[PDB]
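Asker: Below you'll find the sequence and an experimental structure to go with it.
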Amino acid sequence: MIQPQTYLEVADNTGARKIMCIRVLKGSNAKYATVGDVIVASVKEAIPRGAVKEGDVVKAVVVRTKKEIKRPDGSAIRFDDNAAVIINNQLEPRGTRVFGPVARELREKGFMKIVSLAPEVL
Amino acid sequence: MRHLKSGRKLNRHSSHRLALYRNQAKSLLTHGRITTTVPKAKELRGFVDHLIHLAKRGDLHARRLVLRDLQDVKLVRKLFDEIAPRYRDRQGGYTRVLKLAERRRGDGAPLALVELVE
Amino acid sequence: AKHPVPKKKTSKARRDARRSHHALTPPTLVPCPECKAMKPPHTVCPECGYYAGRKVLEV
Amino acid sequence: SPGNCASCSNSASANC
Amino acid sequence: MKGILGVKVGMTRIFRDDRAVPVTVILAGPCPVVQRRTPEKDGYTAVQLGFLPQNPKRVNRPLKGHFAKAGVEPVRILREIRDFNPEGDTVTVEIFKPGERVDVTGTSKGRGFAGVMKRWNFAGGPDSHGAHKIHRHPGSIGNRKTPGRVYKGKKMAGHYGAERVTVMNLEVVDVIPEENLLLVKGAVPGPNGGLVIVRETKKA
Amino acid sequence: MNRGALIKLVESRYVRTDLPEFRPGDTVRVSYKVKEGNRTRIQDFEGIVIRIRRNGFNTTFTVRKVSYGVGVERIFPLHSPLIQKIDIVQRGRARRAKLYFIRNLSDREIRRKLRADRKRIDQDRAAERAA
RNA sequence: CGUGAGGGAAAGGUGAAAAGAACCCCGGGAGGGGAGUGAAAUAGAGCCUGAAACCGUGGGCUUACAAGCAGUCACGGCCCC
RNA sequence: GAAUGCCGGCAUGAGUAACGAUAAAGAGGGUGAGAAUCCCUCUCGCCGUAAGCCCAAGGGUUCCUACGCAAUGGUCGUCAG
RNA sequence: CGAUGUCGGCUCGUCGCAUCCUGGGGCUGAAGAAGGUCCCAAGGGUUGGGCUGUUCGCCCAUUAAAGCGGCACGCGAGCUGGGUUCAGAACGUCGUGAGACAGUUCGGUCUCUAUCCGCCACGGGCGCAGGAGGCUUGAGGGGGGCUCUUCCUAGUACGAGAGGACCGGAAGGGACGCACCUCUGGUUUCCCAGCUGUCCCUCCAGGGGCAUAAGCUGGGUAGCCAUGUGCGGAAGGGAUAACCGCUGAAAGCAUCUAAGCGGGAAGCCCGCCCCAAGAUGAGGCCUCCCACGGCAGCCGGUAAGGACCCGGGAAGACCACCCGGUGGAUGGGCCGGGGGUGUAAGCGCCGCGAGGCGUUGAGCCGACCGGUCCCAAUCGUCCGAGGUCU
Ligand SMILES: [Mg+2]
Ligand SMILES: [Mg+2]
Ligand SMILES: [Mg+2]
Ligand SMILES: [Mg+2]
Ligand SMILES: [Mg+2]
Ligand SMILES: [Mg+2]
Ligand SMILES: [Mg+2]
Ligand SMILES: [Mg+2]
Ligand SMILES: [Mg+2]
Ligand SMILES: [Mg+2]
Ligand SMILES: [Mg+2]
Ligand SMILES: [Mg+2]
Ligand SMILES: [Mg+2]
Ligand SMILES: [Mg+2]
Ligand SMILES: [Mg+2]
Ligand SMILES: [Mg+2]
Ligand SMILES: [Mg+2]
Ligand SMILES: [Mg+2]
Ligand SMILES: [Mg+2]
Ligand SMILES: [Mg+2]
Ligand SMILES: [Mg+2]
Ligand SMILES: [Mg+2]
Ligand SMILES: [Mg+2]
Ligand SMILES: [Mg+2]
Ligand SMILES: [Mg+2]
Ligand SMILES: [Mg+2]
Ligand SMILES: [Mg+2]
Ligand SMILES: [Mg+2]
Ligand SMILES: [Mg+2]
Ligand SMILES: [Mg+2]
Ligand SMILES: [Mg+2]
Ligand SMILES: [Mg+2]
Ligand SMILES: [Mg+2]
Ligand SMILES: [Mg+2]
Ligand SMILES: [Mg+2]
Ligand SMILES: [Mg+2]
Ligand SMILES: [Mg+2]
Ligand SMILES: [Mg+2]
Ligand SMILES: [Mg+2]
Ligand SMILES: [Mg+2]
Ligand SMILES: [Mg+2]
Ligand SMILES: [Mg+2]
Ligand SMILES: [Mg+2]
Ligand SMILES: [Mg+2]
Ligand SMILES: [Mg+2]
Ligand SMILES: [Mg+2]
Ligand SMILES: [Mg+2]
Ligand SMILES: [Mg+2]
Ligand SMILES: [Mg+2]
Ligand SMILES: [Mg+2]
Ligand SMILES: [Mg+2]
Ligand SMILES: [Mg+2]
Ligand SMILES: [Mg+2]
Ligand SMILES: [Mg+2]
Ligand SMILES: [Mg+2]
Ligand SMILES: [Mg+2]
Ligand SMILES: [Mg+2]
Ligand SMILES: [Mg+2]
Ligand SMILES: [Mg+2]
Ligand SMILES: [Mg+2]
Ligand SMILES: [Mg+2]
Ligand SMILES: [Mg+2]
Ligand SMILES: [Mg+2]
Ligand SMILES: [Mg+2]
Ligand SMILES: [Mg+2]
Ligand SMILES: [Mg+2]
Ligand SMILES: [Mg+2]
Ligand SMILES: [Mg+2]
Ligand SMILES: [Mg+2]
Ligand SMILES: [Mg+2]
Ligand SMILES: [Mg+2]
Ligand SMILES: [Mg+2]
Ligand SMILES: [Mg+2]
Ligand SMILES: [Mg+2]
Ligand SMILES: [Mg+2]
Ligand SMILES: [Mg+2]
Ligand SMILES: [Mg+2]
Ligand SMILES: [Mg+2]
Ligand SMILES: [Mg+2]
Ligand SMILES: [Mg+2]
Ligand SMILES: [Mg+2]
Ligand SMILES: [Mg+2]
Ligand SMILES: [Mg+2]
Ligand SMILES: [Mg+2]
Ligand SMILES: [Mg+2]
Ligand SMILES: [Mg+2]
Ligand SMILES: [Mg+2]
Ligand SMILES: [Mg+2]
Ligand SMILES: [Mg+2]
Ligand SMILES: [Mg+2]
Ligand SMILES: [Mg+2]
Ligand SMILES: [Mg+2]
Ligand SMILES: [Mg+2]
Ligand SMILES: [Mg+2]
Ligand SMILES: [Mg+2]
Ligand SMILES: [Mg+2]
Ligand SMILES: [Mg+2]
Ligand SMILES: [Mg+2]
Ligand SMILES: [Mg+2]
Ligand SMILES: [Mg+2]
Ligand SMILES: [Mg+2]
Ligand SMILES: [Mg+2]
Ligand SMILES: [Mg+2]
Ligand SMILES: [Mg+2]
Ligand SMILES: [Mg+2]
Ligand SMILES: [Mg+2]
Ligand SMILES: [Mg+2]
Ligand SMILES: [Mg+2]
Ligand SMILES: [Mg+2]
Ligand SMILES: [Mg+2]
Ligand SMILES: [Mg+2]
Ligand SMILES: [Mg+2]
Ligand SMILES: [Mg+2]
Ligand SMILES: [Mg+2]
Ligand SMILES: [Mg+2]
Ligand SMILES: [Mg+2]
Ligand SMILES: [Mg+2]
Ligand SMILES: [Mg+2]
Ligand SMILES: [Mg+2]
Ligand SMILES: [Mg+2]
Ligand SMILES: [Mg+2]
Ligand SMILES: [Mg+2]
Ligand SMILES: [Mg+2]
Ligand SMILES: [Mg+2]
Ligand SMILES: [Mg+2]
Ligand SMILES: [Mg+2]
Ligand SMILES: [Mg+2]
Ligand SMILES: [Mg+2]
Ligand SMILES: [Mg+2]
Ligand SMILES: [Mg+2]
Ligand SMILES: [Mg+2]
Ligand SMILES: [Mg+2]
Ligand SMILES: [Mg+2]
Ligand SMILES: [Mg+2]
Ligand SMILES: [Mg+2]
Ligand SMILES: [Mg+2]
Ligand SMILES: [Mg+2]
Ligand SMILES: [Mg+2]
Ligand SMILES: [Mg+2]
Ligand SMILES: [Mg+2]
Ligand SMILES: [Mg+2]
Ligand SMILES: [Mg+2]
Ligand SMILES: [Mg+2]
Ligand SMILES: [Mg+2]
Ligand SMILES: [Mg+2]
Ligand SMILES: [Mg+2]
Ligand SMILES: [Mg+2]
Ligand SMILES: [Mg+2]
Ligand SMILES: [Mg+2]
Ligand SMILES: [Mg+2]
Ligand SMILES: [Mg+2]
Ligand SMILES: [Mg+2]
Ligand SMILES: [Mg+2]
Ligand SMILES: [Mg+2]
Ligand SMILES: [Mg+2]
Ligand SMILES: [Mg+2]
Ligand SMILES: [Mg+2]
Ligand SMILES: [Mg+2]
Ligand SMILES: [Mg+2]
Ligand SMILES: [Mg+2]
Ligand SMILES: [Mg+2]
Ligand SMILES: [Mg+2]
Ligand SMILES: [Mg+2]
Ligand SMILES: [Mg+2]
Ligand SMILES: [Mg+2]
Ligand SMILES: [Mg+2]
Ligand SMILES: [Mg+2]
Ligand SMILES: [Mg+2]
Ligand SMILES: [Mg+2]
Ligand SMILES: [Mg+2]
Ligand SMILES: [Mg+2]
Ligand SMILES: [Mg+2]
Ligand SMILES: [Mg+2]
Ligand SMILES: [Mg+2]
Ligand SMILES: [Mg+2]
Ligand SMILES: [Mg+2]
Ligand SMILES: [Mg+2]
Ligand SMILES: [Mg+2]
Ligand SMILES: [Mg+2]
Ligand SMILES: [Mg+2]
Ligand SMILES: [Mg+2]
Ligand SMILES: [Mg+2]
Ligand SMILES: [Mg+2]
Ligand SMILES: [Mg+2]
Ligand SMILES: [Mg+2]
Ligand SMILES: [Mg+2]
Ligand SMILES: [Mg+2]
Ligand SMILES: [Mg+2]
Ligand SMILES: [Mg+2]
Ligand SMILES: [Mg+2]
Ligand SMILES: [Mg+2]
Ligand SMILES: [Mg+2]
Ligand SMILES: [Mg+2]
Ligand SMILES: [Mg+2]
Ligand SMILES: [Mg+2]
Ligand SMILES: [Mg+2]
Ligand SMILES: [Mg+2]
Ligand SMILES: [Mg+2]
Ligand SMILES: [Mg+2]
Ligand SMILES: [Mg+2]
Ligand SMILES: [Mg+2]
Ligand SMILES: [Mg+2]
Ligand SMILES: [Mg+2]
Ligand SMILES: [Mg+2]
Ligand SMILES: [Mg+2]
Ligand SMILES: [Mg+2]
Ligand SMILES: [Mg+2]
Ligand SMILES: [Mg+2]
Ligand SMILES: [Mg+2]
Ligand SMILES: [Mg+2]
Ligand SMILES: [Mg+2]
Ligand SMILES: [Mg+2]
Ligand SMILES: [Mg+2]
Ligand SMILES: [Mg+2]
Ligand SMILES: [Mg+2]
Ligand SMILES: [Mg+2]
Ligand SMILES: [Mg+2]
Ligand SMILES: [Mg+2]
Ligand SMILES: [Mg+2]
Ligand SMILES: [Mg+2]
Ligand SMILES: [Mg+2]
Ligand SMILES: [Mg+2]
Ligand SMILES: [Mg+2]
Ligand SMILES: [Mg+2]
Ligand SMILES: [Mg+2]
Ligand SMILES: [Mg+2]
Ligand SMILES: [Mg+2]
Ligand SMILES: [Mg+2]
Ligand SMILES: [Mg+2]
Ligand SMILES: [Mg+2]
Ligand SMILES: [Mg+2]
Ligand SMILES: [Mg+2]
Ligand SMILES: [Mg+2]
Ligand SMILES: [Mg+2]
Ligand SMILES: [Mg+2]
Ligand SMILES: [Mg+2]
Ligand SMILES: [Mg+2]
Ligand SMILES: [Mg+2]
Ligand SMILES: [Mg+2]
Ligand SMILES: [Mg+2]
Ligand SMILES: [Mg+2]
Ligand SMILES: [Mg+2]
Ligand SMILES: [Mg+2]
Ligand SMILES: [Mg+2]
Ligand SMILES: [Mg+2]
Ligand SMILES: [Mg+2]
Ligand SMILES: [Mg+2]
Ligand SMILES: [Mg+2]
Ligand SMILES: [Mg+2]
Ligand SMILES: [Mg+2]
Ligand SMILES: [Mg+2]
Ligand SMILES: [Mg+2]
Ligand SMILES: [Mg+2]
Ligand SMILES: [Mg+2]
Ligand SMILES: [Mg+2]
Ligand SMILES: [Mg+2]
Ligand SMILES: [Mg+2]
Ligand SMILES: [Mg+2]
Ligand SMILES: [Mg+2]
Ligand SMILES: [Mg+2]
Ligand SMILES: [Mg+2]
Ligand SMILES: [Mg+2]
Ligand SMILES: [Mg+2]
Ligand SMILES: [Mg+2]
Ligand SMILES: [Mg+2]
Ligand SMILES: [Mg+2]
Ligand SMILES: [Mg+2]
Ligand SMILES: [Mg+2]
Ligand SMILES: [Mg+2]
Ligand SMILES: [Mg+2]
Ligand SMILES: [Mg+2]
Ligand SMILES: [Mg+2]
Ligand SMILES: [Mg+2]
Ligand SMILES: [Mg+2]
Ligand SMILES: [Mg+2]
Ligand SMILES: [Mg+2]
Ligand SMILES: [Mg+2]
Ligand SMILES: [Mg+2]
Ligand SMILES: [Mg+2]
Ligand SMILES: [Mg+2]
Ligand SMILES: [Mg+2]
Ligand SMILES: [Mg+2]
Ligand SMILES: [Mg+2]
Ligand SMILES: [Mg+2]
Ligand SMILES: [Mg+2]
Ligand SMILES: [Mg+2]
Ligand SMILES: [Mg+2]
Ligand SMILES: [Mg+2]
Ligand SMILES: [Mg+2]
Ligand SMILES: [Mg+2]
Ligand SMILES: [Mg+2]
Ligand SMILES: [Mg+2]
Ligand SMILES: [Zn+2]
């Protein structure tokens, strides 16, 4: 349940460390983003010499949320942070690794490369 | 809303209402019959019925439970030794409320008697 | 607020039409089956002390 | 406020 | 246009094809027919259904004669299903089989005197920045001298709920004829124990 | 009628008894049937159970684990048919029914608070001596 | 009323005579009902006369599909002389 | 017949707002024509660098006791400054 | 001018259409895709943020789109009070001065009680020619009315290529709406536990008060809920707008028109959901009581029925509605289950002790699902037809 102003950790090696959502790219006026949803974000904190630097406007797909997400089988899953992976307009990850587990909902929405690069898919 | 909620409020906050029920418990279990307002009377039934039931059980734990509300050790003795045996075969219903036909002059409050049963 | 106030004195007709709902209803009374006095139903009789056939209270 | 002293109607309490 | 009277019993969820489907459970039948409305006699087509047996010691003579002409035991509720003429003289849950879709009509829960924010989702007022006793208040209710009045139908506070509600196109998840049970996916108006009417859907 | 009994009747077809008993504080491994891409595998989720909310057939429980540096809680319906089996891995002794407080604890702070439930461990080993 | 200088009200009438109502009744009293006084007691002390607004009881006529500065002109109905 | 006239009386708003700190009450027994409200007992709660005690100023019989309840007391009153 | 509160914001809408989007079109310097321009269309929609008191505007990130105006520059007996707009103070400027400035700067009292109309809700009365209990018809109202992405057709038609369709068919969304509490997530003022200081009961042990109108902390049922769940917008029929025709004169040709007949919009009428016979035009159907006693009328005793009273209710401000009232499971108790808490007290054992272990998932235990006449709904009263006329 990400919205504008929400800070997210980056679970990849793009060099970003923290991004702050400024749009949830879901139609005219979506209030919140969840796992699988693309946001626009400003890079608030990055490590030196990375692909992205502080102040860049990037796109990212949400991979972990602290709000639990529900499933048709009656179960739910919830993470200890809100995390995202920075992407390009073809939805591919802009870095080469992704860190921590990601939600299986990514596979459905079509983020195949992130799922395979993820150490665990819960 | 108030849907499916149990428990009158009686325009008393939490600790006053519990004090209210305890003091009527003491007065009822002391005199066998008291007069209150009909609403208070109706709420008393449950609060004293549970205390009497514990007295019927008679064990030290029951006594200490009853002590939390009633406090007075002599009064608990009367309840364990003289009151509870009257009810050994009564399956609940140790109190009755009957409505009085006149009201208080100073506020028109409708009055009732609460008494222990035989 | 800005202190609302009656615009016109209420007429004798209008004030009294407001009160077409103010008449008391008489007390509902039944005879006590014991002493035959008139009393409210579902209350212990104040004249002889009976209810449900038995004596319950001193009058 | 009307009130204080620039305006003078509709708007504040008793004083006169 | 098939229909049947029922009582809402409560909600749960069952598992069907590795999916959890929220259901509300309805005790529908059996519903004896006690009168039929004919175009010759009444001007329309409907069945008056009975539901739930009643202590005859509670049923007055005018009602008792209505049941008598039907040859039906005294029953607690009479409701008509419009444009429904069942072949039998008793309607049961088996007029629905799983997969069909229904509309369910109940009496919604009653909120009594509901403020403008619960009844109409108004935005209220601010809770700080100087807001003065208007936190749950509706704001303006009009214009000025033109039109100098308040529209009919203005959204204001007042009683809310305890009113007839039909929620439409509910999947019938199961029927348990042995017990007159009817499982339906989703939510149904009113409290447990409330009376509901289950009708074949009007959506396509 | 008895509305509660009728609902229990509806649920009875789905009630399970094959699963083992456990308690908040018990470490547990849920073998769970997930679907991925086109096929269905069995994914194990092993962690401490931090909550068991009871509503008969509708009871659910929450299992907490740390995966690759990240806390992950997973809520399972206790009578779900997607649960293949549940393996007790350890028995901890909790002091309270809900264990949310372990979320703000280090690994050793947890180990100090949830020590091995030696009693129920012997109960387990005393069982499984069925012959 | 104002610290003070100072400001500054309202309030007249039983009856010729108290003959101002013993005593009895209901009521804790107030109050009243009889008895009694008087030419008179709606002259009974909350007292001569006792207007009007205002309030109430009883009766006649009237009114719950109706648009009103409230009246006025006409006809009809009911009530009264 | 009008002067936001003056004096007085009586209306409307209205059986409406309110009855003045959210420290809090309950029962039993008395007294009495009448008692939630007075007296007594038990239980409960509140203050305790005071919401206890002693001076000073100011107030001026408000003190004590008996007998009272029309008015004063924001209700009641058998109680009371 | 014996006062018509003055900008903007917020809240709440509602209307216009010179239409921002969505729907339908003609022309195009329209290959396709995408535009341009004009016509029809007001059903619905028309985002979040940085700056500024701002309206406006610029900018960021999106969007189908980020429309323009009216309603006393809509709306201060609805809120705000940043600005403007008294008294204080200062700067620049003007004035010898006192002072002055749609110039700037910092500060600066916004009135508990709604009589009438209107509006939202809810009753009381009478009426609907006999009186009653039920079930209904729907005149006439109201609600709703949005839209996008991807895929298939098809890398097809079109195009040198880049690019890339109509028609038709699937799947998934956003915002909004109604209901709901199974799940997720809240609350849960005493449902359970732990904890400090203090006073008390009774010394230990065990408890009670107070620390808030829960002392604090960890949890938490039902209910009420959204962040959670289901469902909705339609489909379909009809009549139309612009626009396009068929047949066809006047006018041997031509012409959508003068006779006649087609097609054709998210819009109009139905259809869906809700209210509704005070619809005084007071409707309809099923059933019940009936020719009561006294001089279209009167007074009485009743009938079918109803009310009063009482036990209550996911109904509710009072009223109303609904259920029940001993031939009874309505509330209260009690029992069983659920649920919460998480292993009571007491005793025994280990330890110098704080404690620990066992008895023990114990003990306590609101509302939830039920059972049980133990307690209370005792006993009753009062209304209530005899049917006007051709
Ligand atoms: Mg990380
Ligand atoms: Mg990293
Ligand atoms: Mg860098
Ligand atoms: Mg920086
Ligand atoms: Mg689900
Ligand atoms: Mg990346
Ligand atoms: Mg992998
Ligand atoms: Mg409410
Ligand atoms: Mg409330
Ligand atoms: Mg209940
Ligand atoms: Mg309570
Ligand atoms: Mg109160
Ligand atoms: Mg109070
Ligand atoms: Mg009080
Ligand atoms: Mg009160
Ligand atoms: Mg307290
Ligand atoms: Mg006594
Ligand atoms: Mg008393
Ligand atoms: Mg009382
Ligand atoms: Mg003992
Ligand atoms: Mg207890
Ligand atoms: Mg009684
Ligand atoms: Mg009474
Ligand atoms: Mg009194
Ligand atoms: Mg009084
Ligand atoms: Mg105000
Ligand atoms: Mg104010
Ligand atoms: Mg006022
Ligand atoms: Mg005036
Ligand atoms: Mg007047
Ligand atoms: Mg008059
Ligand atoms: Mg009058
Ligand atoms: Mg009036
Ligand atoms: Mg009158
Ligand atoms: Mg009134
Ligand atoms: Mg009267
Ligand atoms: Mg003023
Ligand atoms: Mg439930
Ligand atoms: Mg099935
Ligand atoms: Mg029923
Ligand atoms: Mg219902
Ligand atoms: Mg219904
Ligand atoms: Mg309801
Ligand atoms: Mg609801
Ligand atoms: Mg509100
Ligand atoms: Mg709301
Ligand atoms: Mg609501
Ligand atoms: Mg609502
Ligand atoms: Mg609504
Ligand atoms: Mg808001
Ligand atoms: Mg807002
Ligand atoms: Mg708010
Ligand atoms: Mg607030
Ligand atoms: Mg203010
Ligand atoms: Mg206000
Ligand atoms: Mg406030
Ligand atoms: Mg308002
Ligand atoms: Mg105005
Ligand atoms: Mg205005
Ligand atoms: Mg007008
Ligand atoms: Mg209602
Ligand atoms: Mg509705
Ligand atoms: Mg569907
Ligand atoms: Mg059944
Ligand atoms: Mg249930
Ligand atoms: Mg761990
Ligand atoms: Mg330990
Ligand atoms: Mg152990
Ligand atoms: Mg003086
Ligand atoms: Mg002076
Ligand atoms: Mg003086
Ligand atoms: Mg003077
Ligand atoms: Mg004088
Ligand atoms: Mg005089
Ligand atoms: Mg004289
Ligand atoms: Mg003379
Ligand atoms: Mg005498
Ligand atoms: Mg006497
Ligand atoms: Mg006497
Ligand atoms: Mg006396
Ligand atoms: Mg006298
Ligand atoms: Mg008298
Ligand atoms: Mg006299
Ligand atoms: Mg004489
Ligand atoms: Mg003479
Ligand atoms: Mg006289
Ligand atoms: Mg005279
Ligand atoms: Mg005279
Ligand atoms: Mg006089
Ligand atoms: Mg004279
Ligand atoms: Mg005189
Ligand atoms: Mg006079
Ligand atoms: Mg006179
Ligand atoms: Mg009169
Ligand atoms: Mg009269
Ligand atoms: Mg008419
Ligand atoms: Mg008439
Ligand atoms: Mg005139
Ligand atoms: Mg006239
Ligand atoms: Mg004429
Ligand atoms: Mg003149
Ligand atoms: Mg005037
Ligand atoms: Mg003058
Ligand atoms: Mg004057
Ligand atoms: Mg004067
Ligand atoms: Mg004067
Ligand atoms: Mg005067
Ligand atoms: Mg005078
Ligand atoms: Mg005057
Ligand atoms: Mg006066
Ligand atoms: Mg008057
Ligand atoms: Mg007056
Ligand atoms: Mg006056
Ligand atoms: Mg008055
Ligand atoms: Mg009143
Ligand atoms: Mg008023
Ligand atoms: Mg009021
Ligand atoms: Mg007031
Ligand atoms: Mg009041
Ligand atoms: Mg006050
Ligand atoms: Mg006071
Ligand atoms: Mg205070
Ligand atoms: Mg007070
Ligand atoms: Mg306070
Ligand atoms: Mg205090
Ligand atoms: Mg007491
Ligand atoms: Mg008392
Ligand atoms: Mg007392
Ligand atoms: Mg007393
Ligand atoms: Mg007494
Ligand atoms: Mg006595
Ligand atoms: Mg008193
Ligand atoms: Mg008294
Ligand atoms: Mg007092
Ligand atoms: Mg005393
Ligand atoms: Mg006591
Ligand atoms: Mg001290
Ligand atoms: Mg002293
Ligand atoms: Mg002195
Ligand atoms: Mg003095
Ligand atoms: Mg004395
Ligand atoms: Mg006095
Ligand atoms: Mg007095
Ligand atoms: Mg007196
Ligand atoms: Mg005296
Ligand atoms: Mg005096
Ligand atoms: Mg006084
Ligand atoms: Mg007094
Ligand atoms: Mg006072
Ligand atoms: Mg006395
Ligand atoms: Mg004294
Ligand atoms: Mg002016
Ligand atoms: Mg004036
Ligand atoms: Mg004026
Ligand atoms: Mg004025
Ligand atoms: Mg004015
Ligand atoms: Mg146009
Ligand atoms: Mg037009
Ligand atoms: Mg143009
Ligand atoms: Mg368009
Ligand atoms: Mg177009
Ligand atoms: Mg075009
Ligand atoms: Mg050309
Ligand atoms: Mg081109
Ligand atoms: Mg094109
Ligand atoms: Mg439009
Ligand atoms: Mg319009
Ligand atoms: Mg528009
Ligand atoms: Mg904007
Ligand atoms: Mg900022
Ligand atoms: Mg801004
Ligand atoms: Mg701006
Ligand atoms: Mg402007
Ligand atoms: Mg500007
Ligand atoms: Mg610019
Ligand atoms: Mg477009
Ligand atoms: Mg655009
Ligand atoms: Mg505008
Ligand atoms: Mg204009
Ligand atoms: Mg507008
Ligand atoms: Mg203008
Ligand atoms: Mg202007
Ligand atoms: Mg304006
Ligand atoms: Mg505007
Ligand atoms: Mg204002
Ligand atoms: Mg304003
Ligand atoms: Mg304004
Ligand atoms: Mg205004
Ligand atoms: Mg105003
Ligand atoms: Mg105004
Ligand atoms: Mg200001
Ligand atoms: Mg300010
Ligand atoms: Mg200002
Ligand atoms: Mg400015
Ligand atoms: Mg200078
Ligand atoms: Mg000069
Ligand atoms: Mg010069
Ligand atoms: Mg100079
Ligand atoms: Mg100026
Ligand atoms: Mg200036
Ligand atoms: Mg200016
Ligand atoms: Mg200048
Ligand atoms: Mg300038
Ligand atoms: Mg300035
Ligand atoms: Mg300056
Ligand atoms: Mg300041
Ligand atoms: Mg300023
Ligand atoms: Mg105020
Ligand atoms: Mg009013
Ligand atoms: Mg008016
Ligand atoms: Mg009525
Ligand atoms: Mg009515
Ligand atoms: Mg008729
Ligand atoms: Mg009839
Ligand atoms: Mg008839
Ligand atoms: Mg009826
Ligand atoms: Mg009925
Ligand atoms: Mg109907
Ligand atoms: Mg209609
Ligand atoms: Mg009409
Ligand atoms: Mg319509
Ligand atoms: Mg509409
Ligand atoms: Mg539409
Ligand atoms: Mg293709
Ligand atoms: Mg093709
Ligand atoms: Mg080609
Ligand atoms: Mg291509
Ligand atoms: Mg298509
Ligand atoms: Mg809308
Ligand atoms: Mg809603
Ligand atoms: Mg609900
Ligand atoms: Mg639940
Ligand atoms: Mg929940
Ligand atoms: Mg939950
Ligand atoms: Mg407790
Ligand atoms: Mg302690
Ligand atoms: Mg303590
Ligand atoms: Mg101790
Ligand atoms: Mg204490
Ligand atoms: Mg204290
Ligand atoms: Mg306190
Ligand atoms: Mg505090
Ligand atoms: Mg406590
Ligand atoms: Mg808590
Ligand atoms: Mg919680
Ligand atoms: Mg709960
Ligand atoms: Mg719940
Ligand atoms: Mg709810
Ligand atoms: Mg939601
Ligand atoms: Mg057509
Ligand atoms: Mg042609
Ligand atoms: Mg042609
Ligand atoms: Mg033609
Ligand atoms: Mg046509
Ligand atoms: Mg065609
Ligand atoms: Mg549509
Ligand atoms: Mg149209
Ligand atoms: Mg209806
Ligand atoms: Mg009718
Ligand atoms: Mg109807
Ligand atoms: Mg009616
Ligand atoms: Mg009409
Ligand atoms: Mg008529
Ligand atoms: Mg008629
Ligand atoms: Mg008629
Ligand atoms: Mg009818
Ligand atoms: Mg009909
Ligand atoms: Mg009868
Ligand atoms: Mg009630
Ligand atoms: Mg009620
Ligand atoms: Mg009530
Ligand atoms: Mg009944
Ligand atoms: Mg009875
Ligand atoms: Mg009955
Ligand atoms: Mg029961
Ligand atoms: Mg029971
Ligand atoms: Mg109750
Ligand atoms: Mg259990
Ligand atoms: Mg349990
Ligand atoms: Mg232990
Ligand atoms: Mg133990
Ligand atoms: Mg122990
Ligand atoms: Mg030892
Ligand atoms: Mg331990
Ligand atoms: Mg347990
Ligand atoms: Mg218990
Ligand atoms: Mg239990
Ligand atoms: Mg209980
Ligand atoms: Mg159950
Ligand atoms: Mg139940
Ligand atoms: Mg039985
Ligand atoms: Mg009787
Ligand atoms: Zn009697």
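Answerer: Nice, I can see it. Numbers count the residues shown, from 1 in each chain, chains lettered A, B, ... in the order given. Ligands and ions are numbered 1, 2, ... in the order given.
Asker: just the strands in chain F please.
Answerer: With DSSP state E, the ranges of strands along chain F come out as F:27-36, F:39-53, F:60-67, F:70-77, F:83-90.
Asker: And the contacts of stretch B:104-118?
Answerer: B:24, B:28-29, B:32-38, B:41-42, B:44-45, B:48, B:52, B:83, B:86-87, B:90, B:93-100, B:102-103, C:44, C:56-57 (C-beta atoms under 8 Å, 6 or more residues apart in numbering or on different chains). In this view, the C-beta of every residue, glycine as well, is placed from N, C-alpha and C.
Asker: Out of the strands of chain F, the one nearest residue D:14 is which?
Answerer: In terms of C-beta to C-beta, the element of the strands of chain F nearest to residue D:14 is strand F:39-53, at 59.7 Å.
Asker: Could you list the paired strands of the closest one along with their orientation?
Answerer: strand F:27-36 (antiparallel), strand F:60-67 (antiparallel) (DSSP bridges).
Asker: so who does residue A:86 touch?
Answerer: Contacts of residue A:86 (C-beta under 8 Å, 6+ apart): A:10, A:12, A:14, A:16, A:19, A:52, A:58, A:59, A:60, A:93, A:94, A:95.
Asker: Whether whatever helix or strand residue B:113 lives in contacts ligand 22 - can you check?
Answerer: Remark: residue B:113 resides in strand B:110-116, with elements defined by DSSP states H and E. No: Strand B:110-116 lies apart from ligand 22 when judged by C-beta under 5 Å from the ion; the minimum separation is 7.3 Å.
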